[PDB]
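Quick notes on the structure that follows.
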Amino acid sequence: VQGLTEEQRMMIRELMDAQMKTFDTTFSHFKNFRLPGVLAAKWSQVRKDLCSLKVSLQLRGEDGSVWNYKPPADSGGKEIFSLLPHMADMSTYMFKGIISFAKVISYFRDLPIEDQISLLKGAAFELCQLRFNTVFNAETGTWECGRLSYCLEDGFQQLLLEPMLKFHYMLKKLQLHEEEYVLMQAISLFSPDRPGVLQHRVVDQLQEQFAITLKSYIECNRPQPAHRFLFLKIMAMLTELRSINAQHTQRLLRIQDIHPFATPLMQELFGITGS
Ligand SMILES: COc1cccc(N(C)C(=S)Oc2ccc3c(c2)CCCC3)n1
């Protein structure tokens, strides 16, 4: 790109290299996942917690066959948990790609292992949502995950009330480059204020370099009036994503409390000990 320092161009490359190596955009290796079965104040809030992300699910076979699953309606029972096992498998698959992404980046390997763990615990969800946005189809409200499709159930303005859905639509509208998505991932990963981080100074210095690189990238490759304040818009979305992360963590722990579903990797990322 233009106007970047050699160190910034190298920084952008290694992020792009790590994204290329660890983001299976066709989801070809997402396999052996569970699928929905065939044929007191907690519950009110878990009932409200689960209805926030209502999606149907399509599976296109290599032979051309199509399986499609329409979820039930909430009717006061355990049917609200039908996609929990499948969604756990997908998020687990994505978390593994995220962990692989961090471990390739030199700036991440060079951190102490305890801080590596702390940063991944704090940012794994956010980097997952950033990767899902690149396969989000805002015209059809569908995350195109290769042979899997997650379609939002029916208007458009009433769904933007859901913060994570609003995030995906608003982030998609910015029409970001691959380089800007991966820089967002690095900024979110290297957040110095996550619980348990010890090397706050180096992590803060690294994050600042990633933000400066992103600011510089935008200024060198986006002169259009539509991209005025784009960097600031991106940074605001990252703050919103952190809020959504905290929201979603409390959501998940409440559902986990009355209906266990978290995989071992999810338990590790969310602090669940097993006792
Ligand atoms: C109760 O909270 C839960 C339950 C189970 C899994 C999760 N996680 C951690 C994640 S990343 O779920 C998502 C979030 C967004 C999306 C998908 C999964 C799949 C495709 C559509 C976009 N969260």
Side-chain angles (χ1 to χ4, degrees), residues 3-6 8-23 94-95 97-134 163-164 167 170-171 174 176-199 202-204 206-222 227 229-249 269-271:
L4 295 170
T5 74
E6 172 68 21
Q8 291 174 328
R9 256 177 290 131
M10 282 310 99
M11 174 173 269
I12 289 178
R13 293 305 321 278
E14 188 188 2
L15 295 183
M16 287 297 299
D17 187 56
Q19 188 88 313
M20 179 264 291
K21 288 166 173 164
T22 64
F23 181 25
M94 301 281 312
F95 288 147
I98 297 301
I99 290 156
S100 305
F101 171 77
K103 293 187 179 145
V104 174
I105 296 154
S106 59
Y107 318 95
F108 188 84
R109 299 185 322 236
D110 293 347
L111 296 179
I113 190 65
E114 295 81 19
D115 283 352
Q116 291 185 32
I117 302 300
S118 287
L119 290 181
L120 281 165
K121 284 186 187 186
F125 171 85
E126 298 174 20
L127 272 75
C128 180
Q129 290 308 314
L130 290 169
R131 283 188 164 185
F132 275 125
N133 194 70
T134 68
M164 187 173 94
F167 171 84
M170 281 172 63
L171 182 55
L174 301 179
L176 295 189
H177 299 166
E178 301 275 11
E179 291 85 350
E180 296 162 331
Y181 272 110
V182 74
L183 278 156
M184 290 180 75
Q185 293 176 199
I187 295 161
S188 163
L189 180 60
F190 288 92
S191 295
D193 60 47
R194 309 281 196 192
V197 189
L198 295 187
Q199 295 268 61
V202 63
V203 173
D204 188 271
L206 288 168
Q207 187 192 57
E208 183 182 1
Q209 301 172 8
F210 285 127
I212 293 152
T213 293
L214 171 60
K215 189 176 162 157
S216 302
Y217 177 92
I218 287 162
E219 292 179 351
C220 299
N221 301 312
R222 293 179 172 277
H227 313 306
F229 315 119
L230 180 46
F231 170 72
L232 292 184
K233 290 180 186 188
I234 289 172
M235 291 315 284
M237 294 297 284
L238 284 173
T239 295
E240 172 69 8
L241 183 52
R242 198 156 180 247
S243 170
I244 295 165
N245 186 12
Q247 282 170 208
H248 204 79
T249 289
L269 287 164
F270 291 65

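In this chain, numbering begins with 1 at the start of the sequence shown. Note: hydrogens, waters and symmetry copies are ignored here, and every other heavy atom, side chains too, is used.
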*Does the side chain to side chain contact (heavy atoms under 4.5 Å, CB included) test come out yes or no for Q185 and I105, once each step is laid out?*
CA-CA 12 Å; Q185 293 176 199; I105 296 154; over 6 Å; no

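- Contact detail for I234 and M184: the closest heavy-atom pair is CG2-CG, 3.5 Å.
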*Could you give me the CA-CA distance, side-chain angles and deciding distance for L189 and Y107, then say whether side chain to side chain contact (heavy atoms under 4.5 Å, CB included) is met?*
CA-CA 11 Å; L189 180 60; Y107 318 95; over 6 Å; no

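- Counting heavy atoms from C-beta outward, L206 and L111 have side chains that approach closer than 4.5 Å.
- With values rounded to the nearest 0.5 angstrom, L238 atom CG is found 8.5 Å from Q207 atom CD.
- Of all heavy-atom pairs spanning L120 and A102, the tightest one is CD2-CB, 3.8 Å.
- Minimum heavy-atom separation, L127 to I98: CB-CD1, 3.5 Å.
- Separating the CG atom in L4 from the CE atom in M10 is a distance of 10.0 Å, to the nearest 0.5 Å.
- At distances below 3.5 Å, at least one donor-acceptor pair connects side-chain atoms of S191 with backbone N or O atoms of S188.
- Between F125 and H248, the ring planes are parallel. Angles under 30° get that label, and only those over 60° would be called perpendicular.
- What you find for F95 and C128 is that their closest heavy atoms are CE2-CB, 4.3 Å.
- No side-chain donor-acceptor contact under 3.5 Å links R222 to the backbone of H227.
- Here the side chains of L130 and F167 are in contact, with some heavy-atom distance below 4.5 Å.
- One N or O on the side chain of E14 and one on the backbone of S106 form a donor-acceptor pair closer than 3.5 Å.
- When all heavy atoms are compared, the tightest approach of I212 to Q8 is CG2-NE2, 3.7 Å.
- Taking the side chain as every heavy atom from C-beta outward, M235 and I187 approach each other to under 4.5 Å.
- Looking only at distances, no side-chain donor or acceptor of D17 sits under 3.5 Å from a matching main-chain atom of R13.
- Under a 3.5 Å cut-off, the side chain of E180 and the backbone N or O of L214 do not form any donor-acceptor pair.
- You'll find the side chain of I99 reaches within 4.5 Å of the side chain of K103, heavy atoms only.
- Note: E240 CD to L171 CG = 11.0 Å, rounded to the nearest 0.5 Å.
- Contact annotation: the side chain of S118 never approaches that of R194 to less than 4.5 Å [non-hydrogen atoms, C-beta and beyond].
- Between the side chain of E126 and the main chain of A123, no donor-acceptor pair closer than 3.5 Å is present.
- Between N133 and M237 the shortest side-chain heavy-atom distance does not fall below 4.5 Å.
- Taken from CG in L183 to CD in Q209, the straight-line distance is 12.0 Å, to the nearest 0.5 Å.
- At a threshold of 4.5 Å between non-hydrogen side-chain atoms, the residues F231 and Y217 do not count as touching.
- Two residues are said to be in side-chain contact when any heavy atoms from C-beta on lie closer than 4.5 Å; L176 and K233 fail this criterion.
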*Verdict with supporting geometry, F210 and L15, side chain to side chain contact (heavy atoms under 4.5 Å, CB included)*: CA-CA 10 Å; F210 285 127; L15 295 183; 3.8 Å; yes

*Begin with the C-alpha distance, continue with both residues' side-chain angles, and end with the deciding distance and a verdict on side chain to side chain contact (heavy atoms under 4.5 Å, CB included) for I244 and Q129.*
CA-CA 10 Å; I244 295 165; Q129 290 308 314; 5.8 Å; no

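- Closest non-hydrogen pair, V203 versus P192, comes out as CG1-CA, 3.5 Å.
- Although no hydrogens or angles enter the test, the distance criterion places no donor-acceptor pair under 3.5 Å between the side chain of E179 and the main chain of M16.
- Atom CD in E208 sits 10.5 Å away from atom OG1 in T213 (nearest 0.5 Å).
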